[PDB]
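Dropping input-v2.csv in here (CSV, N, CA and C atoms):
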```
chain,number,residue,atom,x,y,z
A,1,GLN,N,-23.4,4.8,-5.7
A,1,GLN,CA,-23.2,5.6,-4.4
A,1,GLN,C,-22.2,6.7,-4.6
A,2,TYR,N,-21.2,6.4,-5.4
A,2,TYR,CA,-20.1,7.4,-5.7
A,2,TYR,C,-19.7,7.4,-7.1
A,3,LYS,N,-18.6,8.2,-7.4
A,3,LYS,CA,-18.1,8.2,-8.8
A,3,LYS,C,-16.8,7.4,-9.0
A,4,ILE,N,-16.9,6.4,-9.7
A,4,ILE,CA,-15.7,5.5,-10.0
A,4,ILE,C,-14.6,6.3,-10.7
A,5,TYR,N,-13.6,6.7,-9.9
A,5,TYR,CA,-12.5,7.5,-10.4
A,5,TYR,C,-11.3,6.5,-10.8
A,6,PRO,N,-10.4,7.0,-11.7
A,6,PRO,CA,-9.3,6.3,-12.1
A,6,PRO,C,-8.2,6.1,-11.0
A,7,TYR,N,-7.7,4.8,-10.9
A,7,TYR,CA,-6.8,4.5,-9.8
A,7,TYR,C,-5.4,5.2,-10.1
A,8,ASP,N,-5.1,5.3,-11.4
A,8,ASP,CA,-3.9,6.0,-11.8
A,8,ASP,C,-3.8,7.4,-11.4
A,9,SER,N,-5.0,8.1,-11.4
A,9,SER,CA,-5.1,9.5,-11.0
A,9,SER,C,-5.5,9.6,-9.5
A,10,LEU,N,-6.1,8.6,-9.0
A,10,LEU,CA,-6.5,8.6,-7.6
A,10,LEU,C,-5.3,8.4,-6.7
A,11,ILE,N,-4.3,7.5,-7.1
A,11,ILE,CA,-3.1,7.2,-6.3
A,11,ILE,C,-2.4,8.5,-5.9
A,12,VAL,N,-2.2,8.7,-4.6
A,12,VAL,CA,-1.5,9.8,-4.1
A,12,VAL,C,-0.1,10.0,-4.6
A,13,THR,N,0.4,8.9,-5.1
A,13,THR,CA,1.8,8.9,-5.7
A,13,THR,C,1.9,9.8,-6.9
A,14,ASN,N,0.7,10.1,-7.5
A,14,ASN,CA,0.7,11.0,-8.6
A,14,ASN,C,0.3,12.4,-8.2
A,15,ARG,N,0.3,12.6,-6.9
A,15,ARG,CA,0.0,14.0,-6.4
A,15,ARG,C,0.8,15.0,-7.1
A,16,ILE,N,2.0,14.7,-7.6
A,16,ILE,CA,2.9,15.6,-8.2
A,16,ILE,C,2.4,15.9,-9.7
A,17,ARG,N,1.9,14.8,-10.3
A,17,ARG,CA,1.4,14.9,-11.7
A,17,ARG,C,0.1,15.7,-11.7
A,18,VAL,N,-0.9,15.2,-10.9
A,18,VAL,CA,-2.2,15.8,-10.9
A,18,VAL,C,-2.8,15.6,-9.5
A,19,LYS,N,-3.7,16.6,-9.1
A,19,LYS,CA,-4.4,16.5,-7.8
A,19,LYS,C,-5.8,15.9,-8.0
A,20,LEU,N,-6.3,15.4,-6.9
A,20,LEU,CA,-7.6,14.8,-6.9
A,20,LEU,C,-8.7,15.9,-7.2
A,21,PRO,N,-9.8,15.4,-7.8
A,21,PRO,CA,-10.9,16.3,-8.1
A,21,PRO,C,-11.6,16.9,-6.9
A,22,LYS,N,-12.8,17.5,-7.1
A,22,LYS,CA,-13.5,18.1,-6.0
A,22,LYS,C,-14.6,17.1,-5.5
A,23,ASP,N,-15.2,16.4,-6.5
A,23,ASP,CA,-16.3,15.5,-6.2
A,23,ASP,C,-15.7,14.1,-5.8
A,24,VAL,N,-14.8,14.1,-4.8
A,24,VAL,CA,-14.1,12.9,-4.3
A,24,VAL,C,-13.8,13.1,-2.8
A,25,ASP,N,-14.0,12.0,-2.1
A,25,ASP,CA,-13.7,12.0,-0.7
A,25,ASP,C,-12.4,11.4,-0.4
A,26,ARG,N,-11.8,11.7,0.8
A,26,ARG,CA,-10.5,11.2,1.2
A,26,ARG,C,-10.6,10.2,2.3
A,27,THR,N,-11.7,10.2,3.1
A,27,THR,CA,-11.9,9.3,4.2
A,27,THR,C,-12.3,7.9,3.7
A,28,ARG,N,-13.1,7.8,2.7
A,28,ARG,CA,-13.5,6.5,2.1
A,28,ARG,C,-13.4,6.5,0.6
A,29,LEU,N,-12.1,6.6,0.1
A,29,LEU,CA,-11.9,6.6,-1.3
A,29,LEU,C,-12.0,5.3,-1.9
A,30,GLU,N,-12.2,4.3,-1.0
A,30,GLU,CA,-12.4,2.9,-1.5
A,30,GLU,C,-13.6,2.8,-2.3
A,31,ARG,N,-14.7,3.5,-1.9
A,31,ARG,CA,-15.9,3.4,-2.6
A,31,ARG,C,-15.8,4.1,-4.0
A,32,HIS,N,-14.8,4.9,-4.1
A,32,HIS,CA,-14.5,5.6,-5.4
A,32,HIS,C,-13.7,4.8,-6.4
A,33,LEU,N,-13.2,3.6,-5.9
A,33,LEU,CA,-12.4,2.7,-6.7
A,33,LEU,C,-13.2,1.4,-7.0
A,34,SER,N,-13.3,1.0,-8.3
A,34,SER,CA,-14.0,-0.2,-8.7
A,34,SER,C,-13.5,-1.4,-7.9
A,35,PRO,N,-14.3,-2.4,-7.9
A,35,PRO,CA,-14.0,-3.7,-7.1
A,35,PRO,C,-12.8,-4.4,-7.7
A,36,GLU,N,-12.8,-4.5,-9.0
A,36,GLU,CA,-11.7,-5.2,-9.7
A,36,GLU,C,-10.3,-4.5,-9.5
A,37,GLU,N,-10.4,-3.2,-9.4
A,37,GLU,CA,-9.2,-2.3,-9.2
A,37,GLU,C,-8.7,-2.5,-7.8
A,38,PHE,N,-9.7,-2.5,-6.9
A,38,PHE,CA,-9.3,-2.5,-5.5
A,38,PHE,C,-8.6,-3.9,-5.1
A,39,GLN,N,-9.1,-4.9,-5.7
A,39,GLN,CA,-8.5,-6.3,-5.5
A,39,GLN,C,-7.3,-6.4,-6.4
A,40,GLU,N,-7.2,-5.7,-7.4
A,40,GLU,CA,-6.0,-5.8,-8.3
A,40,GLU,C,-4.9,-4.9,-7.8
A,41,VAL,N,-5.2,-3.8,-7.1
A,41,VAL,CA,-4.2,-2.9,-6.6
A,41,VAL,C,-3.8,-3.3,-5.2
A,42,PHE,N,-4.6,-4.1,-4.5
A,42,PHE,CA,-4.3,-4.6,-3.2
A,42,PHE,C,-3.6,-5.9,-3.3
A,43,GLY,N,-4.1,-6.8,-4.1
A,43,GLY,CA,-3.5,-8.2,-4.2
A,43,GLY,C,-4.5,-9.3,-3.9
A,44,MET,N,-5.3,-9.1,-2.9
A,44,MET,CA,-6.2,-10.1,-2.5
A,44,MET,C,-7.5,-10.0,-3.3
A,45,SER,N,-8.5,-10.8,-2.9
A,45,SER,CA,-9.8,-10.8,-3.7
A,45,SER,C,-10.8,-9.7,-3.1
A,46,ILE,N,-11.6,-9.2,-4.0
A,46,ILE,CA,-12.6,-8.2,-3.5
A,46,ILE,C,-13.4,-8.7,-2.4
A,47,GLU,N,-13.6,-10.0,-2.3
A,47,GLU,CA,-14.4,-10.6,-1.3
A,47,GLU,C,-13.8,-10.5,0.1
A,48,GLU,N,-12.4,-10.6,0.1
A,48,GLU,CA,-11.7,-10.4,1.3
A,48,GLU,C,-12.0,-9.1,2.0
A,49,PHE,N,-12.0,-8.0,1.2
A,49,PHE,CA,-12.3,-6.7,1.7
A,49,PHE,C,-13.6,-6.6,2.4
A,50,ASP,N,-14.7,-7.0,1.7
A,50,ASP,CA,-16.0,-7.0,2.3
A,50,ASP,C,-16.0,-7.8,3.6
A,51,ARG,N,-15.3,-8.9,3.6
A,51,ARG,CA,-15.2,-9.8,4.8
A,51,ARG,C,-14.3,-9.1,5.9
A,52,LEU,N,-13.4,-8.3,5.5
A,52,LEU,CA,-12.5,-7.6,6.4
A,52,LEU,C,-13.3,-6.4,7.1
A,53,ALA,N,-12.6,-5.8,8.1
A,53,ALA,CA,-13.2,-4.6,8.8
A,53,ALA,C,-12.7,-3.3,8.2
A,54,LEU,N,-13.3,-2.2,8.6
A,54,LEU,CA,-12.9,-0.9,8.2
A,54,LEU,C,-11.4,-0.6,8.4
A,55,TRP,N,-11.0,-0.7,9.7
A,55,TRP,CA,-9.6,-0.5,10.1
A,55,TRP,C,-8.6,-1.2,9.1
A,56,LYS,N,-9.0,-2.4,8.6
A,56,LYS,CA,-8.2,-3.1,7.7
A,56,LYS,C,-8.2,-2.5,6.3
A,57,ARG,N,-9.4,-2.2,5.8
A,57,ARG,CA,-9.6,-1.6,4.5
A,57,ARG,C,-8.8,-0.3,4.5
A,58,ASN,N,-8.8,0.5,5.5
A,58,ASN,CA,-8.1,1.8,5.6
A,58,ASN,C,-6.6,1.5,5.5
A,59,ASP,N,-6.1,0.7,6.4
A,59,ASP,CA,-4.6,0.4,6.4
A,59,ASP,C,-4.1,0.0,5.0
A,60,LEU,N,-4.8,-1.0,4.4
A,60,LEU,CA,-4.5,-1.5,3.1
A,60,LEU,C,-4.5,-0.4,2.0
A,61,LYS,N,-5.5,0.5,2.2
A,61,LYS,CA,-5.7,1.6,1.3
A,61,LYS,C,-4.4,2.4,1.2
A,62,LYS,N,-4.0,2.9,2.4
A,62,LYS,CA,-2.8,3.7,2.5
A,62,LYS,C,-1.6,3.0,1.9
A,63,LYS,N,-1.4,1.7,2.1
A,63,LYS,CA,-0.3,1.0,1.5
A,63,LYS,C,-0.4,0.9,0.0
A,64,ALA,N,-1.6,0.9,-0.5
A,64,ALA,CA,-1.9,0.9,-1.9
A,64,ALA,C,-1.7,2.3,-2.6
A,65,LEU,N,-1.3,3.2,-1.7
A,65,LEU,CA,-1.1,4.6,-2.2
A,65,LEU,C,-2.4,5.3,-2.5
A,66,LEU,N,-3.4,4.9,-1.8
A,66,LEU,CA,-4.8,5.5,-1.9
A,66,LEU,C,-5.0,6.7,-1.1
A,67,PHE,N,-4.3,6.8,0.1
A,67,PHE,CA,-4.4,7.9,1.0
A,67,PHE,C,-3.1,8.7,1.0
```
Structure translated into structure tokens:
Amino acid sequence: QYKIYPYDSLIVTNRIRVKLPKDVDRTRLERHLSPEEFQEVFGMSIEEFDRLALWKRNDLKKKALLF
């Protein structure tokens, strides 16, 4: 559905090093990050995300330096 981009480059914390590409969204960047990376960068299991709601996925994303 989307293009699996690198978390190291996707992380806003690297905004100083490099900026995000053009073929990437900012509203739902979660879909641009692999499942193993999302659960590895967040801490919980990938299953938790799917079980959680959007509002939650968004909040956690920002905390993970995704937004």
*Which residue of A:14, A:1, A:58, A:9 approaches residue 28 of chain A most closely, using only C-alpha atoms*: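 Under the stated criterion, the closest residue is A:58.
Distance-wise, atom C of residue 55 of chain A and atom CA of residue 24 of chain A end up 20.2 Å apart.
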*Shell around residue 36 of chain A at 7 Å using only C-alpha atoms, local window under 3 positions removed, as a list in words*: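 Near residue 36 of chain A, the qualifying residues are residues 39, 40 and 46 of chain A.
Atom CA of residue 20 of chain A is found 25.3 Å from atom CA of residue 44 of chain A.
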*asked:* Could you list, as a ChimeraX atom specification, every residue within 8 Å of residue 7 of chain A, counting all atoms listed in the file and ignoring same-chain residues fewer than 5 positions away?
replied: /A:12,32-34,37
*asked:* Just the number, please: distance in Å from atom N of residue 35 of chain A to atom CA of residue 4 of chain A, one decimal.
replied: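 Atom CA of residue 4 of chain A lies 8.3 Å from atom N of residue 35 of chain A.
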*Neighbours of residue 42 of chain A within 10 Å (only C-alpha atoms; same-chain residues fewer than 4 positions away dropped), as a PyMOL selection string?*
chain A and resi 36-38+46+49+57+60-61+63-65
For those residues, write N, CA and C atoms to a file as a tab-separated table (two decimals), in the coordinates of the input.
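Once everything was written out, this is part26.tsv:
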```tsv
chain	number	residue	atom	x	y	z
A	36	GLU	N	-12.80	-4.50	-9.00
A	36	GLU	CA	-11.70	-5.20	-9.70
A	36	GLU	C	-10.30	-4.50	-9.50
A	37	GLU	N	-10.40	-3.20	-9.40
A	37	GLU	CA	-9.20	-2.30	-9.20
A	37	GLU	C	-8.70	-2.50	-7.80
A	38	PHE	N	-9.70	-2.50	-6.90
A	38	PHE	CA	-9.30	-2.50	-5.50
A	38	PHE	C	-8.60	-3.90	-5.10
A	46	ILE	N	-11.60	-9.20	-4.00
A	46	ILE	CA	-12.60	-8.20	-3.50
A	46	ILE	C	-13.40	-8.70	-2.40
A	49	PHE	N	-12.00	-8.00	1.20
A	49	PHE	CA	-12.30	-6.70	1.70
A	49	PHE	C	-13.60	-6.60	2.40
A	57	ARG	N	-9.40	-2.20	5.80
A	57	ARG	CA	-9.60	-1.60	4.50
A	57	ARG	C	-8.80	-0.30	4.50
A	60	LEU	N	-4.80	-1.00	4.40
A	60	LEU	CA	-4.50	-1.50	3.10
A	60	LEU	C	-4.50	-0.40	2.00
A	61	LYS	N	-5.50	0.50	2.20
A	61	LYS	CA	-5.70	1.60	1.30
A	61	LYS	C	-4.40	2.40	1.20
A	63	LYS	N	-1.40	1.70	2.10
A	63	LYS	CA	-0.30	1.00	1.50
A	63	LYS	C	-0.40	0.90	0.00
A	64	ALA	N	-1.60	0.90	-0.50
A	64	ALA	CA	-1.90	0.90	-1.90
A	64	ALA	C	-1.70	2.30	-2.60
A	65	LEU	N	-1.30	3.20	-1.70
A	65	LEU	CA	-1.10	4.60	-2.20
A	65	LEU	C	-2.40	5.30	-2.50
```
